[PDB]
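K.L.:
What follows is the file entry39.pdb, containing PDB, C-alpha atoms and all ligand atoms:
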```pdb
ATOM      1  CA  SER A   1     105.782 119.853 -21.696
ATOM      2  CA  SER A   2     108.879 119.977 -19.459
ATOM      3  CA  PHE A   3     110.897 116.998 -18.260
ATOM      4  CA  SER A   4     112.541 119.050 -15.517
ATOM      5  CA  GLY A   5     112.303 117.560 -12.066
ATOM      6  CA  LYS A   6     113.614 115.183  -9.455
ATOM      7  CA  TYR A   7     112.277 111.664  -9.928
ATOM      8  CA  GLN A   8     112.239 108.907  -7.323
ATOM      9  CA  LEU A   9     112.328 105.357  -8.579
ATOM     10  CA  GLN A  10     109.081 103.476  -7.809
ATOM     11  CA  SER A  11     109.527 100.093  -9.473
ATOM     12  CA  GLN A  12     111.638  98.383 -12.086
ATOM     13  CA  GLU A  13     111.644  95.135 -14.029
ATOM     14  CA  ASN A  14     114.593  93.103 -15.314
ATOM     15  CA  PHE A  15     117.350  95.211 -13.749
ATOM     16  CA  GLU A  16     119.416  92.091 -13.032
ATOM     17  CA  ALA A  17     118.770  90.488 -16.427
ATOM     18  CA  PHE A  18     119.662  93.674 -18.305
ATOM     19  CA  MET A  19     122.822  94.385 -16.300
ATOM     20  CA  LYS A  20     124.033  90.819 -16.760
ATOM     21  CA  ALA A  21     123.383  91.054 -20.517
ATOM     22  CA  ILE A  22     125.615  94.152 -20.823
ATOM     23  CA  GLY A  23     128.419  92.625 -18.736
ATOM     24  CA  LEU A  24     128.158  94.278 -15.315
ATOM     25  CA  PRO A  25     129.849  92.224 -12.565
ATOM     26  CA  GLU A  26     127.517  90.203 -10.355
ATOM     27  CA  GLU A  27     128.970  92.130  -7.412
ATOM     28  CA  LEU A  28     127.662  95.455  -8.699
ATOM     29  CA  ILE A  29     124.326  93.907  -9.683
ATOM     30  CA  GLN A  30     123.656  92.662  -6.153
ATOM     31  CA  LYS A  31     124.736  95.972  -4.592
ATOM     32  CA  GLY A  32     122.513  98.057  -6.846
ATOM     33  CA  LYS A  33     119.379  96.024  -7.498
ATOM     34  CA  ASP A  34     117.470  97.188  -4.394
ATOM     35  CA  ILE A  35     118.391 100.891  -4.479
ATOM     36  CA  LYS A  36     115.459 103.224  -5.189
ATOM     37  CA  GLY A  37     117.217 106.535  -5.666
ATOM     38  CA  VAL A  38     116.519 109.933  -7.149
ATOM     39  CA  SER A  39     117.378 111.050 -10.655
ATOM     40  CA  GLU A  40     117.299 114.658 -11.773
ATOM     41  CA  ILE A  41     116.540 116.075 -15.204
ATOM     42  CA  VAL A  42     117.012 119.709 -16.178
ATOM     43  CA  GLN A  43     115.476 120.662 -19.521
ATOM     44  CA  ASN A  44     116.174 123.974 -21.286
ATOM     45  CA  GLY A  45     114.504 123.818 -24.677
ATOM     46  CA  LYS A  46     116.237 121.048 -26.609
ATOM     47  CA  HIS A  47     119.028 120.843 -24.011
ATOM     48  CA  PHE A  48     118.925 118.191 -21.266
ATOM     49  CA  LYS A  49     121.088 117.540 -18.225
ATOM     50  CA  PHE A  50     120.594 114.144 -16.588
ATOM     51  CA  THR A  51     121.881 113.090 -13.179
ATOM     52  CA  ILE A  52     120.897 109.425 -13.088
ATOM     53  CA  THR A  53     121.025 107.168 -10.039
ATOM     54  CA  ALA A  54     121.283 103.708 -11.596
ATOM     55  CA  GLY A  55     121.906 100.955  -9.073
ATOM     56  CA  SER A  56     125.028 101.892  -7.111
ATOM     57  CA  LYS A  57     126.303 104.301  -9.796
ATOM     58  CA  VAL A  58     125.544 107.949 -10.509
ATOM     59  CA  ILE A  59     125.897 108.909 -14.172
ATOM     60  CA  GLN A  60     125.837 112.533 -15.346
ATOM     61  CA  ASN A  61     125.109 113.064 -19.045
ATOM     62  CA  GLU A  62     124.303 116.150 -21.044
ATOM     63  CA  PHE A  63     122.907 116.498 -24.566
ATOM     64  CA  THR A  64     120.960 118.584 -27.046
ATOM     65  CA  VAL A  65     118.291 116.520 -28.796
ATOM     66  CA  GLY A  66     118.989 116.150 -32.506
ATOM     67  CA  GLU A  67     122.737 116.684 -32.056
ATOM     68  CA  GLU A  68     125.389 114.010 -31.759
ATOM     69  CA  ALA A  69     126.633 113.701 -28.197
ATOM     70  CA  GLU A  70     128.915 111.462 -26.173
ATOM     71  CA  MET A  71     127.020 109.755 -23.360
ATOM     72  CA  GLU A  72     128.344 107.543 -20.567
ATOM     73  CA  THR A  73     126.611 104.174 -20.171
ATOM     74  CA  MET A  74     126.404 101.717 -17.273
ATOM     75  CA  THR A  75     129.606  99.959 -18.374
ATOM     76  CA  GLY A  76     131.631 103.187 -18.314
ATOM     77  CA  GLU A  77     131.706 103.145 -22.108
ATOM     78  CA  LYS A  78     131.108 106.484 -23.844
ATOM     79  CA  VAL A  79     128.860 105.932 -26.878
ATOM     80  CA  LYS A  80     128.210 108.532 -29.563
ATOM     81  CA  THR A  81     124.552 108.771 -30.524
ATOM     82  CA  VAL A  82     121.654 111.142 -31.130
ATOM     83  CA  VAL A  83     118.608 111.369 -28.873
ATOM     84  CA  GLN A  84     115.411 112.606 -30.496
ATOM     85  CA  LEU A  85     112.384 114.263 -28.939
ATOM     86  CA  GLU A  86     109.131 112.720 -30.195
ATOM     87  CA  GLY A  87     106.234 115.004 -29.462
ATOM     88  CA  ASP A  88     106.895 116.924 -26.277
ATOM     89  CA  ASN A  89     107.094 113.940 -23.934
ATOM     90  CA  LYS A  90     109.172 111.087 -25.450
ATOM     91  CA  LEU A  91     112.950 110.824 -25.732
ATOM     92  CA  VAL A  92     114.102 108.120 -28.137
ATOM     93  CA  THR A  93     117.560 106.806 -28.876
ATOM     94  CA  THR A  94     119.451 103.708 -29.932
ATOM     95  CA  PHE A  95     122.999 102.816 -29.007
ATOM     96  CA  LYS A  96     124.763  99.509 -29.516
ATOM     97  CA  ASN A  97     121.895  96.991 -29.599
ATOM     98  CA  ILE A  98     119.698  98.816 -27.079
ATOM     99  CA  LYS A  99     116.618 100.838 -27.917
ATOM    100  CA  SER A 100     115.746 103.359 -25.210
ATOM    101  CA  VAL A 101     112.444 105.207 -24.792
ATOM    102  CA  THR A 102     111.882 107.755 -22.011
ATOM    103  CA  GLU A 103     108.224 108.776 -21.729
ATOM    104  CA  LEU A 104     106.708 111.416 -19.420
ATOM    105  CA  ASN A 105     102.982 111.244 -18.587
ATOM    106  CA  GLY A 106     101.870 113.703 -15.934
ATOM    107  CA  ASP A 107     104.306 113.136 -13.067
ATOM    108  CA  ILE A 108     105.400 109.593 -14.006
ATOM    109  CA  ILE A 109     108.455 108.868 -16.128
ATOM    110  CA  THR A 110     108.578 105.428 -17.662
ATOM    111  CA  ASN A 111     111.948 104.360 -19.117
ATOM    112  CA  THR A 112     111.918 101.281 -21.357
ATOM    113  CA  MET A 113     115.193  99.816 -22.566
ATOM    114  CA  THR A 114     115.011  96.864 -24.877
ATOM    115  CA  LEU A 115     117.945  94.484 -25.467
ATOM    116  CA  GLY A 116     117.131  91.341 -27.421
ATOM    117  CA  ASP A 117     114.220  89.779 -25.527
ATOM    118  CA  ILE A 118     114.881  91.645 -22.286
ATOM    119  CA  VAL A 119     112.716  94.688 -21.656
ATOM    120  CA  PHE A 120     114.243  96.708 -18.821
ATOM    121  CA  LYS A 121     111.599  99.081 -17.462
ATOM    122  CA  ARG A 122     111.916 101.797 -14.792
ATOM    123  CA  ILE A 123     108.994 103.786 -13.374
ATOM    124  CA  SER A 124     109.816 107.004 -11.401
ATOM    125  CA  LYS A 125     107.599 109.642  -9.862
ATOM    126  CA  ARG A 126     108.358 113.378  -9.765
ATOM    127  CA  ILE A 127     109.058 114.852  -6.282
ATOM    128  CA  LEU A 128     106.479 117.629  -5.873
ATOM    129  CA  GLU A 129     108.535 120.585  -4.688
TER     130      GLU A 129
ATOM    131  CA  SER B   1     114.536 115.777  16.396
ATOM    132  CA  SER B   2     114.359 113.739  13.168
ATOM    133  CA  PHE B   3     116.986 113.369  10.446
ATOM    134  CA  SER B   4     114.486 111.738   8.030
ATOM    135  CA  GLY B   5     114.237 113.170   4.535
ATOM    136  CA  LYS B   6     115.819 113.663   1.138
ATOM    137  CA  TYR B   7     118.694 116.143   0.953
ATOM    138  CA  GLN B   8     120.292 117.727  -2.111
ATOM    139  CA  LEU B   9     123.949 118.647  -1.999
ATOM    140  CA  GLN B  10     124.382 122.435  -2.155
ATOM    141  CA  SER B  11     128.130 122.899  -1.797
ATOM    142  CA  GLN B  12     131.198 121.042  -0.697
ATOM    143  CA  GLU B  13     134.793 121.852   0.099
ATOM    144  CA  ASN B  14     137.967 119.776  -0.410
ATOM    145  CA  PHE B  15     136.305 116.789  -2.125
ATOM    146  CA  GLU B  16     139.353 116.094  -4.297
ATOM    147  CA  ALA B  17     141.914 116.367  -1.489
ATOM    148  CA  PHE B  18     139.923 114.101   0.798
ATOM    149  CA  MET B  19     139.232 111.504  -1.910
ATOM    150  CA  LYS B  20     142.909 111.469  -2.886
ATOM    151  CA  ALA B  21     143.923 110.957   0.753
ATOM    152  CA  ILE B  22     141.609 107.963   1.187
ATOM    153  CA  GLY B  23     142.947 106.515  -2.060
ATOM    154  CA  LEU B  24     139.994 106.756  -4.439
ATOM    155  CA  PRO B  25     140.989 106.187  -8.092
ATOM    156  CA  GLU B  26     141.689 109.490  -9.828
ATOM    157  CA  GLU B  27     139.214 108.625 -12.596
ATOM    158  CA  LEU B  28     136.441 108.375 -10.003
ATOM    159  CA  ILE B  29     137.524 111.657  -8.392
ATOM    160  CA  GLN B  30     137.308 113.619 -11.645
ATOM    161  CA  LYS B  31     133.897 112.326 -12.639
ATOM    162  CA  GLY B  32     132.433 112.670  -9.162
ATOM    163  CA  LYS B  33     133.750 116.054  -8.004
ATOM    164  CA  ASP B  34     130.991 118.046  -9.785
ATOM    165  CA  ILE B  35     127.961 115.818  -9.083
ATOM    166  CA  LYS B  36     125.311 117.382  -6.809
ATOM    167  CA  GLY B  37     123.077 114.438  -5.969
ATOM    168  CA  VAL B  38     120.348 113.531  -3.511
ATOM    169  CA  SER B  39     120.889 111.562  -0.314
ATOM    170  CA  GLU B  40     118.114 110.009   1.739
ATOM    171  CA  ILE B  41     117.989 109.332   5.475
ATOM    172  CA  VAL B  42     115.334 107.214   7.183
ATOM    173  CA  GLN B  43     115.394 107.492  10.978
ATOM    174  CA  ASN B  44     113.463 105.222  13.386
ATOM    175  CA  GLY B  45     114.510 106.134  16.921
ATOM    176  CA  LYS B  46     118.187 105.306  17.190
ATOM    177  CA  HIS B  47     118.079 103.287  13.954
ATOM    178  CA  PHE B  48     119.263 104.932  10.744
ATOM    179  CA  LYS B  49     119.107 103.989   7.077
ATOM    180  CA  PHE B  50     121.343 106.058   4.792
ATOM    181  CA  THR B  51     121.279 106.107   0.983
ATOM    182  CA  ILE B  52     124.196 108.410   0.211
ATOM    183  CA  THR B  53     125.151 109.842  -3.164
ATOM    184  CA  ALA B  54     128.887 110.600  -2.857
ATOM    185  CA  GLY B  55     130.511 111.583  -6.116
ATOM    186  CA  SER B  56     129.685 108.901  -8.631
ATOM    187  CA  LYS B  57     128.869 106.235  -6.042
ATOM    188  CA  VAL B  58     125.720 105.363  -4.146
ATOM    189  CA  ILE B  59     126.373 103.927  -0.694
ATOM    190  CA  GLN B  60     123.706 102.327   1.487
ATOM    191  CA  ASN B  61     124.386 101.837   5.189
ATOM    192  CA  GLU B  62     122.311 100.986   8.256
ATOM    193  CA  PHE B  63     122.883 101.279  11.817
ATOM    194  CA  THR B  64     121.813 101.864  15.388
ATOM    195  CA  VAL B  65     123.488 104.643  17.455
ATOM    196  CA  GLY B  66     125.514 103.210  20.301
ATOM    197  CA  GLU B  67     125.623  99.739  18.734
ATOM    198  CA  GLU B  68     128.574  98.345  16.831
ATOM    199  CA  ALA B  69     127.897  98.652  13.117
ATOM    200  CA  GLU B  70     129.527  97.424   9.932
ATOM    201  CA  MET B  71     129.562 100.249   7.396
ATOM    202  CA  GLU B  72     130.755 100.533   3.808
ATOM    203  CA  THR B  73     133.187 103.389   3.191
ATOM    204  CA  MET B  74     133.881 105.393   0.054
ATOM    205  CA  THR B  75     136.519 102.875  -1.059
ATOM    206  CA  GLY B  76     134.136  99.938  -0.678
ATOM    207  CA  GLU B  77     136.015  98.720   2.399
ATOM    208  CA  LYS B  78     133.785  97.661   5.290
ATOM    209  CA  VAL B  79     134.652  99.051   8.715
ATOM    210  CA  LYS B  80     133.279  98.255  12.165
ATOM    211  CA  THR B  81     132.571 101.242  14.399
ATOM    212  CA  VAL B  82     129.978 102.842  16.675
ATOM    213  CA  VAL B  83     128.039 105.971  15.758
ATOM    214  CA  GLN B  84     127.222 108.217  18.714
ATOM    215  CA  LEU B  85     124.652 110.960  19.243
ATOM    216  CA  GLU B  86     125.999 114.281  20.528
ATOM    217  CA  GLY B  87     123.096 116.351  21.697
ATOM    218  CA  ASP B  88     119.947 115.599  19.729
ATOM    219  CA  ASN B  89     121.126 116.785  16.307
ATOM    220  CA  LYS B  90     124.682 115.467  15.716
ATOM    221  CA  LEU B  91     125.926 112.017  14.701
ATOM    222  CA  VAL B  92     129.604 111.489  15.410
ATOM    223  CA  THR B  93     131.863 108.604  14.543
ATOM    224  CA  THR B  94     135.490 107.767  14.098
ATOM    225  CA  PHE B  95     136.772 105.068  11.848
ATOM    226  CA  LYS B  96     140.342 104.491  10.799
ATOM    227  CA  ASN B  97     141.764 107.997  11.225
ATOM    228  CA  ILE B  98     138.626 109.864  10.073
ATOM    229  CA  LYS B  99     136.242 111.768  12.331
ATOM    230  CA  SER B 100     132.779 112.349  10.856
ATOM    231  CA  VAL B 101     130.242 114.811  12.267
ATOM    232  CA  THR B 102     126.732 115.013  10.776
ATOM    233  CA  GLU B 103     124.818 118.031  12.096
ATOM    234  CA  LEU B 104     121.139 118.833  11.449
ATOM    235  CA  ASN B 105     120.016 122.492  11.591
ATOM    236  CA  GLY B 106     116.393 122.805  10.500
ATOM    237  CA  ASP B 107     116.478 121.968   6.783
ATOM    238  CA  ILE B 108     120.298 122.013   6.471
ATOM    239  CA  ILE B 109     122.784 119.175   7.095
ATOM    240  CA  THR B 110     126.522 119.807   7.442
ATOM    241  CA  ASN B 111     128.717 116.751   7.191
ATOM    242  CA  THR B 112     132.300 117.387   8.235
ATOM    243  CA  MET B 113     135.003 114.732   7.848
ATOM    244  CA  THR B 114     138.474 115.486   9.265
ATOM    245  CA  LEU B 115     141.410 113.424   8.036
ATOM    246  CA  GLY B 116     144.599 114.904   9.438
ATOM    247  CA  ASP B 117     144.782 118.493   8.180
ATOM    248  CA  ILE B 118     141.985 118.049   5.590
ATOM    249  CA  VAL B 119     138.405 119.006   6.438
ATOM    250  CA  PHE B 120     135.990 117.666   3.824
ATOM    251  CA  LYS B 121     132.749 119.589   4.295
ATOM    252  CA  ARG B 122     129.393 118.942   2.621
ATOM    253  CA  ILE B 123     126.353 121.189   2.973
ATOM    254  CA  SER B 124     123.059 119.816   1.880
ATOM    255  CA  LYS B 125     119.409 121.033   1.950
ATOM    256  CA  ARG B 126     116.124 119.205   2.610
ATOM    257  CA  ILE B 127     113.882 118.628  -0.395
ATOM    258  CA  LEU B 128     110.497 120.029   0.629
ATOM    259  CA  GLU B 129     107.866 117.594  -0.646
TER     260      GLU B 129
HETATM  261  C1  LIG C 201     121.420 106.113 -22.349
HETATM  262  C2  LIG C 201     122.502 106.594 -21.375
HETATM  263  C3  LIG C 201     122.186 106.271 -19.902
HETATM  264  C4  LIG C 201     122.615 104.867 -19.478
HETATM  265  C5  LIG C 201     122.080 104.437 -18.102
HETATM  266  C6  LIG C 201     121.047 103.309 -18.181
HETATM  267  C7  LIG C 201     120.303 103.059 -16.862
HETATM  268  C8  LIG C 201     118.846 103.511 -16.881
HETATM  269  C9  LIG C 201     118.651 104.950 -17.348
HETATM  270  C10 LIG C 201     117.232 105.462 -17.171
HETATM  271  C11 LIG C 201     117.158 106.885 -16.665
HETATM  272  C12 LIG C 201     116.255 107.794 -17.484
HETATM  273  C13 LIG C 201     115.665 108.935 -16.686
HETATM  274  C14 LIG C 201     114.460 108.528 -15.837
HETATM  275  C15 LIG C 201     114.769 108.422 -14.337
HETATM  276  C16 LIG C 201     115.255 107.027 -13.861
HETATM  277  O1  LIG C 201     114.628 106.016 -14.310
HETATM  278  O2  LIG C 201     116.228 107.061 -13.074
HETATM  279  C1  LIG C 202     130.813 107.295   7.350
HETATM  280  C2  LIG C 202     130.855 106.498   6.038
HETATM  281  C3  LIG C 202     129.833 106.984   5.011
HETATM  282  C4  LIG C 202     130.307 106.840   3.563
HETATM  283  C5  LIG C 202     131.354 107.880   3.156
HETATM  284  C6  LIG C 202     130.916 108.752   1.977
HETATM  285  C7  LIG C 202     131.486 110.176   2.005
HETATM  286  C8  LIG C 202     130.408 111.253   2.171
HETATM  287  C9  LIG C 202     129.418 110.936   3.298
HETATM  288  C10 LIG C 202     128.529 112.096   3.698
HETATM  289  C11 LIG C 202     127.043 111.743   3.757
HETATM  290  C12 LIG C 202     126.352 112.136   5.054
HETATM  291  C13 LIG C 202     124.836 112.307   4.921
HETATM  292  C14 LIG C 202     124.408 113.749   4.620
HETATM  293  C15 LIG C 202     123.978 113.992   3.180
HETATM  294  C16 LIG C 202     125.152 114.231   2.156
HETATM  295  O1  LIG C 202     126.063 115.017   2.525
HETATM  296  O2  LIG C 202     125.045 113.598   1.068
END
```
Could you show the structure in this file as C-alpha cells?
Ligand SMILES: CCCCCCCCCCCCCCCC(=O)O
Ligand SMILES: CCCCCCCCCCCCCCCC(=O)O
P.N.:
Amino acid sequence: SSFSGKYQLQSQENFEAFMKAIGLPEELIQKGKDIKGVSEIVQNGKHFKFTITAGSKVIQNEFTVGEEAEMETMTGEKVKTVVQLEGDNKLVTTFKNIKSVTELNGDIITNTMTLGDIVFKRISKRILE
Amino acid sequence: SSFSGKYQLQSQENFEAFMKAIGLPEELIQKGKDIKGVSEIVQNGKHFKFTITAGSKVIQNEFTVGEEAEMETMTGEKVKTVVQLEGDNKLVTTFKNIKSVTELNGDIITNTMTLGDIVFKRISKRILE
C-alpha cells in the first residue's frame, strides 16, 4: 500500500561486483561494502522522496511515477528516466543498461538491480516506529 | 547512561560555513546541506561504534574513550586523537583546531563543533523502535 518508512539494510549480494561494473573506484567499494545503513522513503500518492544510504554515499532523489525525472546514480551521473508503479508494491525502471525493481512485501523491501549477468540484490527491513 | 541507538537529524546550524572552513568541495556542500539522515551509535562500555550520515557522506569510526584513536574526518583525512567523557553524557574531543562536544539528553543528541568563530550545531532525535 504505502512505501513510506525508514528501512535498515539486512543483507545484500554482489555489491562489489556491481559497483566495479559501473566504474566506482576500488577505494569507495572497500569503504562502503560493509555499511548497513538506513534509507528513507516518503510516498505521497504517485510522488516519492528517497534518501538512500548506498555504501559510503547518501543519495537524495525525488520523482513522480510515470513522469520523466532526473535521478542521481552511484557514479554521480544524473540520468533521465521514468519509474513506473506496478500494482501497489513494485517500482520498476531502466536506466543505461540496468534494470531496477523495488518490491515491498509486508515490512521487507527487496531491491534487485540487474546489469548483464550481475544481479545486485538488497534486502531492508522497515523500522517499526 | 547509554548512547546506543539510531538518531535522525532534526535541525542543524552553519553547515555550509563549517564545511567551507574545513575545505569540503563546494559541490559536496550544496548536495549535502539539505539531507536529514540517520546516524547510528553502538556503545559497549567505553567503546563506541559510530555510523554517521553527514551531508552526502557516510563515515564509520570506532573508538575507546581515553585511548588514542584514529578517526576519519569529513574530508577523508585520518586524525589521531583521544575522545574523553565529561560527566556521563558528553563526549569531548579536539582534533586539529576543532572542538567537538556530543551531548545526550534523553532522546536528543546535540553535537557542537567549534572552529574559530563558527559553531556548527546538529540536533538529532532517537528513533523509537
Ligand atoms: C536508481 C537511482 C538510485 C541509484 C542508487 C543505486 C544503489 C541501490 C539503490 C537501492 C535503494 C532502493 C530503496 C530500498 C532501500 C535500500 O535498499 O537502501
Ligand atoms: C569527530 C569526527 C567525526 C566526523 C565528522 C562529521 C561531521 C558531523 C559529525 C556529527 C556526528 C555526531 C553523532 C551524532 C548524530 C548526528 O549528529 O548525526
K.L.:
Could you pull the residues within 12 Å of residue 95 in chain A, counting all atoms listed in the file, minus those fewer than 6 positions along the same chain, as a short mmCIF file (atom, residue, chain, number, x, y, z; two decimals) with C-alpha atoms, keeping the file's coordinate frame?
P.N.:
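Result file is out_0.cif:
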```cif
data_model
loop_
_atom_site.label_atom_id
_atom_site.label_comp_id
_atom_site.auth_asym_id
_atom_site.auth_seq_id
_atom_site.Cartn_x
_atom_site.Cartn_y
_atom_site.Cartn_z
CA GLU A 68 125.39 114.01 -31.76
CA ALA A 69 126.63 113.70 -28.20
CA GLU A 70 128.92 111.46 -26.17
CA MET A 71 127.02 109.76 -23.36
CA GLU A 72 128.34 107.54 -20.57
CA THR A 73 126.61 104.17 -20.17
CA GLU A 77 131.71 103.14 -22.11
CA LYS A 78 131.11 106.48 -23.84
CA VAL A 79 128.86 105.93 -26.88
CA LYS A 80 128.21 108.53 -29.56
CA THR A 81 124.55 108.77 -30.52
CA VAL A 82 121.65 111.14 -31.13
CA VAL A 83 118.61 111.37 -28.87
CA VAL A 101 112.44 105.21 -24.79
CA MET A 113 115.19 99.82 -22.57
CA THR A 114 115.01 96.86 -24.88
CA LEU A 115 117.94 94.48 -25.47
#
```
K.L.:
What are the coordinates of chain B as a compact mmCIF listing (two decimals) with C-alpha atoms, in the frame of the given file following a least-squares fit to chain A on all in-order C-alpha atoms?
P.N.:
```txt
# COMPACT_ATOMS: atom_id res chain seq x y z
CA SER B 1 106.15 120.05 -22.00
CA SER B 2 109.06 120.00 -19.52
CA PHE B 3 111.00 117.02 -18.20
CA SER B 4 112.67 119.12 -15.45
CA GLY B 5 112.52 117.80 -11.91
CA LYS B 6 113.66 115.23 -9.38
CA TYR B 7 112.22 111.73 -9.76
CA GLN B 8 112.26 108.85 -7.28
CA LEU B 9 112.32 105.31 -8.59
CA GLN B 10 109.07 103.51 -7.74
CA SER B 11 109.48 100.13 -9.41
CA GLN B 12 111.56 98.41 -12.01
CA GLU B 13 111.48 95.16 -13.93
CA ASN B 14 114.34 92.96 -15.19
CA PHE B 15 117.20 95.01 -13.70
CA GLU B 16 119.36 91.93 -13.11
CA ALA B 17 118.80 90.38 -16.55
CA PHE B 18 119.54 93.64 -18.34
CA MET B 19 122.65 94.40 -16.26
CA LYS B 20 123.96 90.87 -16.82
CA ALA B 21 123.42 91.22 -20.58
CA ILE B 22 125.38 94.48 -20.76
CA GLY B 23 128.15 92.87 -18.72
CA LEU B 24 128.00 94.71 -15.40
CA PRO B 25 130.03 92.97 -12.66
CA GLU B 26 127.83 90.64 -10.62
CA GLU B 27 128.94 92.34 -7.39
CA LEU B 28 127.56 95.64 -8.68
CA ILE B 29 124.31 93.97 -9.78
CA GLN B 30 123.61 92.50 -6.34
CA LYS B 31 124.25 95.70 -4.42
CA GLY B 32 122.36 97.88 -6.88
CA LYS B 33 119.24 95.83 -7.64
CA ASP B 34 117.36 97.03 -4.52
CA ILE B 35 118.35 100.72 -4.48
CA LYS B 36 115.47 103.16 -5.12
CA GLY B 37 117.27 106.45 -5.68
CA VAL B 38 116.54 109.91 -7.02
CA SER B 39 117.35 111.08 -10.54
CA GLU B 40 117.34 114.70 -11.65
CA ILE B 41 116.62 116.14 -15.09
CA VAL B 42 117.27 119.76 -16.08
CA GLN B 43 115.72 120.71 -19.42
CA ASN B 44 116.44 123.95 -21.34
CA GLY B 45 114.66 123.72 -24.69
CA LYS B 46 116.26 120.84 -26.55
CA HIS B 47 119.17 120.73 -24.09
CA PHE B 48 119.10 118.15 -21.31
CA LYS B 49 121.18 117.56 -18.19
CA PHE B 50 120.67 114.16 -16.55
CA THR B 51 121.93 113.09 -13.11
CA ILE B 52 120.86 109.45 -13.02
CA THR B 53 120.98 107.10 -10.05
CA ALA B 54 121.15 103.61 -11.60
CA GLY B 55 121.80 100.86 -9.10
CA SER B 56 124.88 101.83 -7.16
CA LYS B 57 126.18 104.28 -9.77
CA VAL B 58 125.51 107.93 -10.44
CA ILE B 59 125.78 108.88 -14.10
CA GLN B 60 125.79 112.46 -15.38
CA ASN B 61 125.12 113.11 -19.06
CA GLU B 62 124.30 116.15 -21.19
CA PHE B 63 122.95 116.58 -24.52
CA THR B 64 120.92 118.36 -27.15
CA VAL B 65 118.12 116.47 -29.00
CA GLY B 66 118.95 116.02 -32.66
CA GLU B 67 122.65 116.73 -32.11
CA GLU B 68 125.32 114.07 -31.88
CA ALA B 69 126.16 113.47 -28.23
CA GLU B 70 128.78 111.54 -26.31
CA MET B 71 127.12 109.75 -23.41
CA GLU B 72 128.41 107.55 -20.60
CA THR B 73 126.66 104.18 -20.34
CA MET B 74 126.12 101.92 -17.34
CA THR B 75 129.45 100.18 -17.96
CA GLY B 76 131.36 103.46 -18.05
CA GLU B 77 131.88 103.14 -21.81
CA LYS B 78 131.26 106.34 -23.77
CA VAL B 79 129.05 106.06 -26.84
CA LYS B 80 128.22 108.57 -29.57
CA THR B 81 124.57 108.77 -30.59
CA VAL B 82 121.68 111.15 -31.24
CA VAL B 83 118.67 111.46 -28.95
CA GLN B 84 115.41 112.23 -30.75
CA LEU B 85 112.10 113.67 -29.58
CA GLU B 86 109.00 111.65 -30.49
CA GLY B 87 105.98 113.81 -29.92
CA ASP B 88 106.54 116.30 -27.12
CA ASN B 89 106.95 113.82 -24.25
CA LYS B 90 109.26 110.98 -25.41
CA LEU B 91 113.04 110.83 -25.78
CA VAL B 92 114.21 107.98 -27.97
CA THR B 93 117.69 106.77 -28.74
CA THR B 94 119.53 103.73 -29.95
CA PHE B 95 123.07 102.92 -29.06
CA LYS B 96 124.87 99.66 -29.65
CA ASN B 97 121.92 97.26 -29.77
CA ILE B 98 119.83 99.02 -27.09
CA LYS B 99 116.72 101.10 -27.74
CA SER B 100 115.82 103.53 -24.94
CA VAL B 101 112.46 105.29 -24.64
CA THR B 102 111.90 107.89 -21.90
CA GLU B 103 108.23 108.88 -21.64
CA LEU B 104 106.79 111.65 -19.45
CA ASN B 105 103.15 111.36 -18.29
CA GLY B 106 102.31 114.14 -15.84
CA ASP B 107 104.38 113.28 -12.75
CA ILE B 108 105.42 109.80 -13.94
CA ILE B 109 108.40 108.81 -16.12
CA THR B 110 108.67 105.37 -17.74
CA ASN B 111 112.08 104.46 -19.07
CA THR B 112 112.06 101.36 -21.25
CA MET B 113 115.28 99.82 -22.57
CA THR B 114 114.99 96.88 -25.01
CA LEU B 115 118.03 94.67 -25.53
CA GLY B 116 117.03 91.72 -27.68
CA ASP B 117 114.27 89.89 -25.79
CA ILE B 118 114.85 91.78 -22.50
CA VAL B 119 112.78 94.85 -21.64
CA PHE B 120 114.27 96.71 -18.68
CA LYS B 121 111.55 99.02 -17.40
CA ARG B 122 111.85 101.73 -14.75
CA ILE B 123 108.92 103.71 -13.37
CA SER B 124 109.70 106.81 -11.43
CA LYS B 125 107.64 109.62 -9.79
CA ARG B 126 108.22 113.38 -9.53
CA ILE B 127 109.21 114.70 -6.11
CA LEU B 128 106.73 117.49 -5.38
CA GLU B 129 108.69 120.33 -3.79
```
K.L.:
Run the PyMOL selection byres ((chain A) within 8 of (chain B)) on the file and write out the hits as a VMD selection string.
P.N.:
chain A and resid 37 to 38 51 53 55 to 60 127 to 129
K.L.:
CA of residue 90 in chain A and CA of residue 102 in chain A, how far apart in Å?
P.N.:
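Computed distance, CA of residue 102 in chain A to CA of residue 90 in chain A, equals 5.5 Å.
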K.L.:
Can you tell me how far CA of residue 7 in chain A sits from CA of residue 1 in chain B, in Å to one decimal?
P.N.:
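Answer for the CA of residue 7 in chain A to CA of residue 1 in chain B separation: 26.7 Å.
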K.L.:
I need the residue set behind the PyMOL selection byres (((chain B and resi 45) around 12) and not hetatm) for this file; please write it as a PyMOL selection string.
P.N.:
chain B and resi 1-4+42-44+46-49+63-66+85+88
K.L.:
Can you spell out as a list in words the set of residues that the PyMOL selection byres (((chain B and resi 12) around 8) and not hetatm) selects in the structure I just provided?
P.N.:
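Applied to this file, the PyMOL selection byres (((chain B and resi 12) around 8) and not hetatm) selects residues 9, 10, 11, 13, 14, 15, 120, 121, 122 and 123 of chain B.
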K.L.:
Tell me, in Å to one decimal, how far CA of residue 61 in chain B is from CA of residue 21 in chain B.
P.N.:
22.0 Å
